[PDB]
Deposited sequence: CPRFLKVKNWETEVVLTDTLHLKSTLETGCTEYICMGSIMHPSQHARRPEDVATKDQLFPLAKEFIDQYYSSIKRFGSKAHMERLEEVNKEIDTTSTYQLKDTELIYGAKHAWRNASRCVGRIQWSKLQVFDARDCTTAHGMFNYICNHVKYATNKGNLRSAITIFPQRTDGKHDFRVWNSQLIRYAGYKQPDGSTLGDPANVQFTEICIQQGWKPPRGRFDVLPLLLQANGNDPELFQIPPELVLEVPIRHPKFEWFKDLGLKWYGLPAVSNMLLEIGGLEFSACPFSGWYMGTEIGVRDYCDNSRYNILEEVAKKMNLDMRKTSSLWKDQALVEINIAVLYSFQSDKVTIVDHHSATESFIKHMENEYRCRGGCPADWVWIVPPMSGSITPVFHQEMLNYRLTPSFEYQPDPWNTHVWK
């Protein structure tokens, strides 16, 4: 209960009706008496009996999408998978199923504002991979293809699935391209403070760090449960953008740059009960991700103060909104720079307007669209974007991208 749930937009009064929520799979963390919608994470292998029903649910869904439900091919496929599970305790997805499942894990990502693009996703099948060097090769081809000389194209590379859990493939990097952070003996931090831990691990694994402010990190790659291995990404594959400002000539003097390709590589892709622990995917940036969070978080590069000083701002009282003012200019500079270098990027106004349109269409064609308001609303100027006033329902559909523990906590070193 109940079969229908309505959502309202308070700016346009448009009302949508959600039926899709009935296919919700996992719990949210919420209950009837408490809501955990702003908890970041409100959360060995699957057995045979656990697995048939999960496999059947996905196979049914797949044949339902290609308008072949209850067909000979549908029934044959079910028998094939069931027997494979019974004799091998797992099964293998057909290429078509893998591609469908990957696109739908994105489509089901309630925290992603970018989902209007979900069906155009290049899927690279890397399930024949056996070694870290091969992971490196696949990852390089992913980066080059996705980057496309600035004209970014979303893609995902999927490595072999978990078997017994002692042979996992993992990208130890949280993103394929990130900058190193170095904590200094005086307590201060050079580079990106978000990445200090991973940096220290790379250095321990033998990485010789240049110890600069924007040193691209090496790939740390684990195949088939083996100790991970370091590889330098070829610099010519790493597209970068110097941040300048269209009016403040001094902004370049800050010496800021960022990388063009956002590629998240530490999440788990779940399809019909199968677990792909290495599945790096990439899109293009929303400006705020760099300009608000990456640059202006106190736990990040934290340049608000420095920018505001160069803007001659009164910085003694907060009620002057010097931070707010600085933040806007910084995000203006980010968008300007990317646009000027013909590197794909979306501003938070465009993106949120697109998501609203995507959401409504999803309600029309699919009977709903799970969305996480806390993550969908941009980290600046929320109420002047249309998502702010839009009621949303959040729930877990499958296939899905999931969080997984950092590998260095679980790895049994050889």
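K.L.:
Where are the gaps relative to the deposited sequence?
P.N.:
One region goes unmodelled: 44-50.
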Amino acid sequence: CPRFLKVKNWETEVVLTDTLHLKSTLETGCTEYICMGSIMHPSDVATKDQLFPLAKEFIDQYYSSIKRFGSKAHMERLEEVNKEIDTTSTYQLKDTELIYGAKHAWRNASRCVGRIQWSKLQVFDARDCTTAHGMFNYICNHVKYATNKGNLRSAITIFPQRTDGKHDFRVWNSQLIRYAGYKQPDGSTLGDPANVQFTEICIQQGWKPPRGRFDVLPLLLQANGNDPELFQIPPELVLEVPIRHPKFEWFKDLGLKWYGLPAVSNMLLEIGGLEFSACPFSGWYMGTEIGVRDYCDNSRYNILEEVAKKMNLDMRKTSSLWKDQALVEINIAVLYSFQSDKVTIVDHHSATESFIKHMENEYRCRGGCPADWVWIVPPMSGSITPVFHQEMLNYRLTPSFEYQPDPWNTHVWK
From here on, numbers count along this sequence of modelled residues.
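Rigid core here is just the name for the largest C-alpha set that superposes within 1.5 Å across the two forms.
K.L.:
After superposing on the rigid core, which of 183-191 and 271-279 has its C-alpha atoms sitting farther from this form in 8 other deposited structures of this protein?
P.N.:
Result of the core-fitted comparison in 8 other deposited structures of this protein: 183-191 deviates more.
K.L.:
Once the rigid core is matched, which of the two stretches, 22-30 or 344-352, lies farther off on average in 8 other deposited structures of this protein by C-alpha?
P.N.:
So, of the two stretches, the farther one in 8 other deposited structures of this protein is 22-30.
K.L.:
Is it the case that, in at least a third of the other entries compared (those modelling both flanking residues), residue 45 has no coordinates?
P.N.:
Missing in at least a third of the others, so yes.
K.L.:
Give the stretch, out of 78-86 and 334-342, with the larger mean C-alpha temperature factor in the deposited entry.
P.N.:
Taking the mean B-factor of the alpha carbons in each, 78-86 is higher.
K.L.:
Would you mind comparing 299-307 and 233-241 for me and telling me which has the higher average C-alpha temperature factor in the entry?
P.N.:
Between 233-241 and 299-307, it is 299-307 that shows the higher mean C-alpha B-factor.
K.L.:
For the CA B factor values reported in this entry, which option in 273, 280, 187, 134 has the top one?
P.N.:
Among 273, 280, 187, 134, the PDB entry lists the largest C-alpha B-factor for 187.
K.L.:
Go through 94, 211, 149, 153 one by one and give the residue whose Cα B-factor in the PDB entry is largest.
P.N.:
By C-alpha B-factor in the record, 211 ranks first.
K.L.:
What third of the chain, by the recorded C-alpha B-factor, contains residue 24?
P.N.:
It belongs to the highest third of the chain when residues are ordered by C-alpha B-factor.
K.L.:
With respect to C-alpha B-factor, does residue 347 fall in the lowest, middle or highest third of the chain as deposited?
P.N.:
Lowest third.
K.L.:
Could you place residue 382 in the lowest, middle or highest third of its chain by Cα temperature factor, using the values in the record?
P.N.:
For residue 382, the deposited C-alpha B-factor lands in the lowest third.
K.L.:
Divide the modelled residues of the chain into thirds by Cα B-factor and specify which third, lowest, middle or highest, holds residue 138.
P.N.:
CA B-factor rank for residue 138: lowest third.
K.L.:
Considering every modelled residue of the chain and its Cα B-factor in the PDB entry, is residue 170 in the lowest, middle or highest third?
P.N.:
Within its chain, residue 170 is a lowest-third residue by C-alpha B-factor, going by the deposited values.
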